[PDB]
Amino acid sequence: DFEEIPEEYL
Amino acid sequence: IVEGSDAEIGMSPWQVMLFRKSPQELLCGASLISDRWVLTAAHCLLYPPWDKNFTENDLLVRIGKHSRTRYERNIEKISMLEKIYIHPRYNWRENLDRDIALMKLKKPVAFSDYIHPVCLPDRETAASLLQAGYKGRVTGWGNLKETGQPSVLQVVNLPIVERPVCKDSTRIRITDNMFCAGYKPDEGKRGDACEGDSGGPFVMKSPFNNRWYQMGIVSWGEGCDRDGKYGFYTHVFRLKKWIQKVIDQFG
Amino acid sequence: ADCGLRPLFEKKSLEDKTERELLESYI
Ligand SMILES: N[C@H](Cc1ccccc1)C(=O)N1CCC[C@H]1C(=O)NCc1cccnc1
Ligand SMILES: *[C@@H]1O[C@H](CO)[C@@H](O)[C@H](O)[C@H]1NC(C)=O
Ligand code: NA
Ligand code: NA
């Protein structure tokens, strides 16, 4: 359901 | 939030979303109290009856948000956790007494039109504003109904309730570290926090200096927006000496 | 210092649509 976030943050 | 409305842009710039890294999902609300410190409910991080015990690296904080699910490019900011601090006398076994925790960010967040800290009350603003009948404001991306989810941040204004009415509404033992809020059945109007609003702020705008203060933290309720039930909030001022001790100790 | 003063509201002397409901309850 959530738009993926930038990989940087993961 | 049940029976609330969409927030305006920038209406709650201290609102924080607690976000699980994998699977990517909302965990809780929270609030920004300085460029490095975030306030939430302890049960957002530690609740053994539900096998919940998160560590810093399990989590992210998303600040400046409006949309629940979208990645709000050039507006929200996402930060990693340096350390979690739970109140040492948080009572997860019984009644969520002292339901409060702090999160220190790895790096300071940049303030903007959408990102700005809330004040914490001093003794006098608390004594003046924490009165039955006085209204505060609760915000969150939690469920719209007890038994779905909002497109954007929701807001509801709710009156503080007399402590005997709080006590008489429930079989759980309430303590001085809690207050309750919400309309009575005979009041016509309704509204409540619900699942997913946990950890978000209950704020009041002081009429003395026109600043917003965080008086409570979404802690617990029995159902959402049920007639004759009330939402319970952590009493931030009563636990402020702990807050200060942590921030003074750990930066 | 600047806590609790929202850039898009208090800092520009704009009110949100329901803050007055809070003020009116502070009797
Ligand atoms: N429904 C429980 C009631 C309770 C159980 C055990 C101790 C104290 C209270 C609750 O609110 N819980 C169980 C533990 C987490 C918390 C919760 O869901 N809080 C979020 C919430 C739920 C419902 C309404 N408003 C806020
Ligand atoms: C929570 O986890 C921390 C680290 O995993 C651990 O020290 C504690 O035993 C767990 N249970 C608690 C904190 O009640
Ligand atoms: Na009771
Ligand atoms: Na109710």
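Residues numbered from 1 in each chain as written, not as in the entry; some residues may be left out. Chains lettered and ligands numbered in written order. Heavy atoms only, no water. Residues with missing side-chain atoms left out of burial classes, pairs and counts.

1. What about the UniProt feature "disulfide bond" in chain B?
Residue and element names in this part refer to chain B.
- A separation of 2.1 Å between the sulfurs of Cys 28 and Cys 44 falls under 2.5 Å, matching the UniProt disulfide annotation for this pair. Of this pair, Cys 28 sits in strand β3 (residues 25–32) while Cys 44 sits in the loop between β4 (37–40) and β5 (46–47); the two residues are 16 residues apart in sequence, bridging distant segments of the chain. No difference in accessibility class separates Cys 28 from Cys 44, as the two residues are buried.
- The disulfide annotated by UniProt between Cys 166 and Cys 180 is present in this model, the sulfur-sulfur separation being 2.1 Å. Within this pair, whereas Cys 166 is found in helix α2 (residues 163–168), its partner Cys 180 is found in strand β12 (residues 178–181), the two being separated by 14 residues in sequence. Each member of the pair, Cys 166 as well as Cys 180, carries the same accessibility label: buried. (Disulfide = S-S within 2.5 Å. UniProt positions renumbered as here; feature names shortened; annotations may be inferred. Helix = DSSP H or I, 4+ residues; strand = E, 2+ residues; numbered from the N terminus. Buried < 20%, exposed > 50% of the residue type's maximum accessible area, 1.4 Å probe, protein only.)

2. Considerations on the coordination of the sodium ion (ligand 4)
- Only B:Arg226 (O) and B:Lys229 (O) from the protein reach the sodium ion (ligand 4) as donors, at distances of 2.3 Å.
- Given a relative accessible area of 24%, B:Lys229 falls into the partly exposed group. (Donors = N, O, S within 2.8 Å, 3.2 Å for Na, K, Ca; no water.)

3. Some points on the sheet that holds strand β2 (residues 15–20) of chain B
Residues and elements named next belong to chain B.
- One closed barrel holds the 6 strands; their spatial order is β2-β3-β4-β9-β8-β7, and the pairing between them is antiparallel. Geometrically, the sheet is characterised by an average inter-axis angle of 45 degrees between neighbouring strands, direction not taken into account.
- In the packing of helix α3 (residues 240–250) onto the sheet, the strands contacted are β4, β8 (77–86) and β9 (101–105), and the crossing angle to β9 comes to about 25 degrees. (Pairing = 2+ DSSP bridges. Axes fitted to C-alpha atoms, helices over the stretch in contact; angles between N-to-C directions. Contact = heavy atoms within 4.5 Å.)

4. A look at the coordination of the sodium ion (ligand 3)
- Looking at the sodium ion (ligand 3), one finds its protein donor set to be B:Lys167 (O) and B:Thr170 (O), positioned 2.3 to 2.4 Å from the metal centre.
- Exposure remark for B:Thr170: the relative accessible area of 12% places this residue in the buried category.

5. Quick look at the pairing of β2(B)
All names here are of chain B.
- Across the 6 residues that make up β2, a large majority, 5, are buried.
- Bridge analysis of β2 against β3 gives 6 bridges, and the strand direction is antiparallel. In the sheet register, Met 17 faces β3, and the bridge partner there is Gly 29.
- As defined by bridge partners, β2 adjoins strand β7 (residues 59–63) across 5 bridges and the pair is classed as antiparallel. Opposite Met 17, over in β7, you have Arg 62 as the bridge partner.

6. Looking at the nonpolar core
- Within the largest apolar cluster, 60 residues are counted, with the highest numbers of intra-cluster contacts made by B:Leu39, B:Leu45, B:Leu102, B:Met103, B:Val138, B:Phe202 and B:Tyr233.
- In terms of residues, this core owes the most to one element, strand β14 (residues 212–220) of chain B, which gives 5 residues.
- Lining this core are residues from two domains, each supplying at least three of them: domain 1 (1–12 + 118–237) and domain 2 (13–117 + 238–251) of chain B.
- The residues touching B:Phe202, leaving out its near neighbours within four places in the chain, are B:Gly136, B:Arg137, B:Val138, B:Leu158, B:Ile160, B:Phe179, B:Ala181, B:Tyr213, B:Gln214, B:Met215, B:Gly216 and B:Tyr233.
- Membership of the second largest hydrophobic core comes to 16 residues, among which are A:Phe2, B:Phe19, B:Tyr71 and B:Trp141. (Core = buried A, V, L, I, M, F, W, Y, C linked by side-chain atoms within 4.5 Å. Domains from an automatic or database assignment.)

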